[PDB]
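Given next, in structure tokens, is a single chain: the form deposited without its partner chain.
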């Protein structure tokens, strides 16, 4: 398993209570982590997150 672990001092995104499902990609220090639900913040695409997250 190579996945993206939320680092020390970082938080999970806070899910909204909206009735929409979005897919968002958050830079968790050094890797991008994907969340689906009423999430905002982060990036809309994997490529955008990857280009803005240490590699």
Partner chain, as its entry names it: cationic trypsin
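Residue numbers count along the first chain shown, from 1.
When 16-24 is weighed against 29-37, 16-24 comes out higher, by mean CA B-factor as recorded in the entry.
What comes next is about the form solved in complex with its partner chain, which is not displayed.
Interface membership of residue 46, defined by any non-hydrogen atom within 4.5 Å of its partner chain in the deposited bound form, is ruled out. Although the partner is absent here, residue 34 sits far enough away that none of its heavy atoms falls within 4.5 Å of its partner chain in the deposited bound form. At least one heavy atom of residue 20 is located within 4.5 Å of its partner chain in the deposited bound form.
In the deposited bound form, residue 41 stays away from its partner chain, with no heavy atom inside 4.5 Å.
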